[PDB]
Amino acid sequence: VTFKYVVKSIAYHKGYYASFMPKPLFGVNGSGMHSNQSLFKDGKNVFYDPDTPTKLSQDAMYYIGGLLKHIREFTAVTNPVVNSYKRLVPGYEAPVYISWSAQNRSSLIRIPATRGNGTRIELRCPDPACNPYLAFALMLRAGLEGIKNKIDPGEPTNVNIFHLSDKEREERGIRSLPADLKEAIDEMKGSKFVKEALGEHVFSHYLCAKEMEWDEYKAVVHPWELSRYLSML
Amino acid sequence: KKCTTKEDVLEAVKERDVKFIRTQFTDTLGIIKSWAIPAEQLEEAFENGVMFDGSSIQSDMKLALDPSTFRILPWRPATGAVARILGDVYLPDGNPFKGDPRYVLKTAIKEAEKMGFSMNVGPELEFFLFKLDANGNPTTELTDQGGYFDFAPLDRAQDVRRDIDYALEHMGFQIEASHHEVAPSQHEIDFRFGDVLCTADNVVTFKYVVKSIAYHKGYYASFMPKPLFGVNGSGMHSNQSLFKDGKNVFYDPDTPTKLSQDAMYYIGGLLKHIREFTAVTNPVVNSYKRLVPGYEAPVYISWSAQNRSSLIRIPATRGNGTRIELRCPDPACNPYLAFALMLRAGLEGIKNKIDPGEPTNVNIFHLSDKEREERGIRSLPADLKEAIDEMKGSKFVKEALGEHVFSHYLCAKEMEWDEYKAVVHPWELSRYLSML
Amino acid sequence: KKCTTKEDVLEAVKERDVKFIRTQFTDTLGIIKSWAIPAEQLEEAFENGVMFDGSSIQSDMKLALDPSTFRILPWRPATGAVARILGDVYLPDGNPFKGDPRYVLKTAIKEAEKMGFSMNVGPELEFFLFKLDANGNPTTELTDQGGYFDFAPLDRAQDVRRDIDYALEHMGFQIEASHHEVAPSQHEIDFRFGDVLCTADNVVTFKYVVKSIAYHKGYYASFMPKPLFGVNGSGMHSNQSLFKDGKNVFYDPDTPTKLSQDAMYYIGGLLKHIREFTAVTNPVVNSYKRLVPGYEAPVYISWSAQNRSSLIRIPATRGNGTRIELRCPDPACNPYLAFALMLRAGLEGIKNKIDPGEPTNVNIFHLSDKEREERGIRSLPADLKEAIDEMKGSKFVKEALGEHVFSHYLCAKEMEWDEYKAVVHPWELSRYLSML
């Protein structure tokens, strides 16, 4: 939180501008905020397990399973503004399919090769426009619930998901993130877990604000429509 | 002082108040890559190395810093000093990464050492100096209309050139000489002989040092092989020599030309294999607008002693200074790959005792096609596509560079050429719109 | 009315008050050449011919006018009517000039007649329609954003297009259909079948008639094979058929595909020899900017019946309408040389009973390089230099076109390519100035 406005103030005072828009320009990669996280108990890393072939503990597997199960519900929190979904499109570094992998670099959840106390889990969905407090709280709560419920994360996806076909994804059961802010809001509204975690007041206020923002956005006529249809029609 | 151990580097950082460290390395295509590290992290970096993304080169590898390559950049920000450092790339399992061009050059050096030879390279770097527009973007506006070795410029660009020279000297570069070049606003800088690895690192540093100075003084330094039509291009000639037991291998007082048989075999191997890595020596599309007849650039495969327009030229200097100059490369090339391929080709020529043939002393450009066919004078590839096609079928290049680098370089160059070949240039509109 | 004798031409000139007669002929490279003659000189010209300079084609020649080619141009200046006429070129000694493309086509027709065959060609010409600047110079601003077969334009450009169509009909062209093309501001016009000589003359007249109308209505008509990047180019497809004893040779009701063995041999010969005169069919550099994968332009040598992306296409029409369409040529080509080479290739295929191989009914662009190598799908020259290199070593093309035309065409194209290859395009500056 301090970093954001410190950087903005320095940029102004040196004559430039620093922007945190998830996608300011079309045709180039967007800006994201990956979150490396690790759980420590008794002063030692929980995730690290020297006895497993992948050097990852069962608790890490349950954590990944919980995150995969519940990410779709608070995708709205991790991507709060409309512009965030101009970044979550196929063809760039941003992930659009729900999967976890150890070697694939395009998966939603990536496990870096570092081990020992440096063992960590990276979630690549959030963008800097998100509120860090809510995002981190939801991440922690989802991981803890997954650990508690022994949620199995399933088999990792080591292939290029984008190169696959829709039939293959249906066969593998690979779900996708919400396409637009309205879909994310609809998914969040029915989520009992999100309401329980965030509390009634914050839940209701966030939903109302995002609903009003989307309603305002959906009724605008963009210059792209004029450029495409005015001569055609 | 020459820093040797990490303790010396830490002491120098503490003494001179260095605040940031810039790791330095290059990708396969020759672009300079770097990232910053705070001074306090330096001890941990020395102890354990730094993890980073290898997709910048070619996906997580560890960089192990080399204290012997520590140096301080020649500008003084108000906050503190700035320094750069180099290192080796290792895979997580601990094996070195074979995709690093520096590793390729090191393997070439080891291959040379297997036969007891060491290679010294002194390059001649050429560049332009253009003006910046009102928005600071690079342009092609000339700064002076001087000629070869002219005492120009004499306006503030003279101060810019002097500042560039002084900054390079302050880094311990030990420049031999610097002078104006044939084309307007073109300048040349020559480097002292040293080990090939240090020379390549110095060239890589030199490029961005010069560019940064040019920006900070209000100008632009360009390394394009041919930025303007109708004037000479920019090339990077490579003087090389092999040393055995501390003595120059090439020099032979008992021969009429004062050249040893080993030098003849080296030249023969270079002539045999130059076509297969011309693509590496000239990596961009614009490089082949420079390799056209009518200028200093060579387009015919030949070697000479007195004719200075040949592809390979032997300077009149003899004794310890005996050297062989290759005039094909341009500054846009990757120094590591180019030097490694040159050394490997020369060593292969030495091993197989390849005869370089008779030297060509007459002017080749004035000869006839039938005459060249009778003499068997081959030509360099005309365009990047031809160079790629020639390089693809070469097993020697593949085994010298390794499968990974070979495949990635070929794919990148093929994609670039495919993108270029489909563009409609304004020259076509100027010539054909009214005619057709 | 059909004019046959010179007396008919003189009577028509007197009746309709034609004040100027313009000769019409083309050089080796396809440019249209003409000069004016006063009406009173017409009788003397018919009696003795007109002397002129042969350097315009390739030096004193004599032109013998052909009264059967007399036509009146489709505009009426206040001064009086204007007419055009064609003829044969003769050397001073009386022998016909072998450097005339029309003579080449006539020799091809005579060679076909040796075996009793005659050819009918209906071409489909595509062109653009741009706006003129304030100074009346050709530019490249679009007039409409229509698509394939769209009912566009609807502004004054609609009136310009209608005027072009009406003038073409007025001269007696007998147009089949005219419609919008895929690219914006692109239009297509189709001709009826007729003897190849008359079709070539009609195309040559058509080009400058359309250009003149476009100027006089305030627009510009361009025949550049690819004036804009990212859109379809302009091509001139050639539908051809061979007739023997007044019947179509190609049509065979007994065969399952309703095609005769002669048609198969014709297609085989065309596929065999198309590579060698691709340079003639695509004479300018821009033509090979048009020939890139991803558009309607074909880049692979294949023939098909249902797939419409092949180089050679067989329309579903049968009977006397049976035809073979070749889709490589572009409007910038010389119709005489292209048609003559097509005829020669087809006849050579028929003589040797060349098998055309199995048709390709799949999408070639979707196949892999290994697949096409297994299928043996060869490819057209990528650039003008490759086409020139292929054409140089072609004995068949040399013997078909004659030594003089062959040598002059090769020299001109070689000079043009050499001039083009040394230019520095703004795309290179955009991509490389900042990066290097």
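Numbering, chain B: per Swiss-Prot, residues 5-62, 70-447 in sequence.
Determination method: electron microscopy, 6.9 Å.
Placed from the backbone N, Cα and C atoms, the Cβ positions cover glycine too.
These features come from Swiss-Prot:
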- B:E135, B:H248, B:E336: Mg(2+) 1 binding site (BINDING)
- B:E137, B:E192, B:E199: Mg(2+) 2 binding site (BINDING)
- B:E187, B:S252, B:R319, B:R324: ATP binding site (BINDING)
- B:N243, B:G244, B:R301, B:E307, B:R319, B:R338: L-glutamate binding site (BINDING)
- B:112-447: domain 'GS catalytic' (DOMAIN)
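Known features from Swiss-Prot, placed on the structure.
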{"residue": "B:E135", "record": "Mg(2+) 1 binding site", "DSSP (3 states)": "strand"}
{"residue": "B:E187", "record": "ATP binding site", "DSSP (3 states)": "strand"}
{"residue": "B:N243", "record": "L-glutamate binding site", "DSSP (3 states)": "coil"}
{"residue": "B:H248", "record": "Mg(2+) 1 binding site", "DSSP (3 states)": "strand"}
{"residue": "B:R301", "record": "L-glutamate binding site", "DSSP (3 states)": "helix"}
{"residue": "B:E307", "record": "L-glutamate binding site", "DSSP (3 states)": "coil"}
{"residue": "B:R324", "record": "ATP binding site", "DSSP (3 states)": "strand"}
{"residue": "B:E336", "record": "Mg(2+) 1 binding site", "DSSP (3 states)": "strand"}
Counting other CB atoms within 10 A of each CB, which of the binding-site residues B:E192, B:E336 comes out lowest? B:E336
Go through the binding-site residues B:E137, B:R301, B:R338 and tell me which ones have a CA within 10 A of the CA of B:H248 (Mg(2+) 1 binding site). B:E137, B:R338
Using only C-alpha positions, which one of B:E192, B:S252, B:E307, B:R319, B:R324 is spatially nearest B:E336 (Mg(2+) 1 binding site)? These are the binding-site residues in the record. B:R324
Distance from B:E192 (Mg(2+) 2 binding site) back to B:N243 (L-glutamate binding site), taken between C-alpha atoms, in Å: 9
Top Cα neighbour of B:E199 (Mg(2+) 2 binding site) in the set of binding-site residues B:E135, B:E187, B:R301, B:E307, B:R338: B:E135
Relative to the Cα of B:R319 (ATP binding site), which of the binding-site residues B:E135, B:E192, B:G244, B:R301, B:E307 have a Cα no more than 10 Å away? B:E307
Within 10 Å of the Cβ of B:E199 (Mg(2+) 2 binding site), how many other Cβ atoms are there? 20
Determine the Cβ neighbour count for B:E135 (Mg(2+) 1 binding site): the number of other Cβ atoms within 10 Å of its Cβ. 19
What are the sequence-distant neighbours of B:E137 (Mg(2+) 2 binding site), meaning same chain, six or more residues apart, C-beta distance under 8 angstroms? B:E192, B:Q197, B:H198, B:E199, B:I200, B:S245, B:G246, B:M247, B:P342
Could you tell me which three-state DSSP class B:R319 (ATP binding site) falls into? coil
Around the recorded Mg(2+) 2 site (B:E137, B:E192, B:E199), other residues with Cβ within 8 Å of the Cβ centre, ordered by sequence, are B:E135, B:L136, B:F138, B:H190, B:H191, B:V193, B:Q197, B:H198, B:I200, B:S245
Name them in sequence order: residues not among B:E135, B:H248, B:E336 whose Cβ is within 8 Å of the mean position of the Cβ atoms defining the Mg(2+) 1 site. B:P134, B:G246, B:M247, B:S249, B:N250, B:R324, B:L337, B:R338
Any idea what DSSP makes of B:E199 (Mg(2+) 2 binding site), helix, strand or coil? strand
Alpha-carbon spacing, B:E187 (ATP binding site) to B:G244 (L-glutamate binding site), which is rounded to whole Å: 22
Any idea what the Cα distance is from B:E307 (L-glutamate binding site) over to B:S252 (ATP binding site), rounded to a whole Å? 23
For the binding-site residues listed (B:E187, B:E307), most other Cβ atoms within 10 Å of the Cβ sits at B:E307
Please report how many Å separate the Cα atom of B:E135 (Mg(2+) 1 binding site) from that of B:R338 (L-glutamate binding site), as a whole number. 10
Highest Cβ count within 10 Å among the binding-site residues B:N243, B:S252: which residue is it? B:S252
Length of the line joining the Cα atoms of B:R338 (L-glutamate binding site) and B:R324 (ATP binding site), in Å: 8
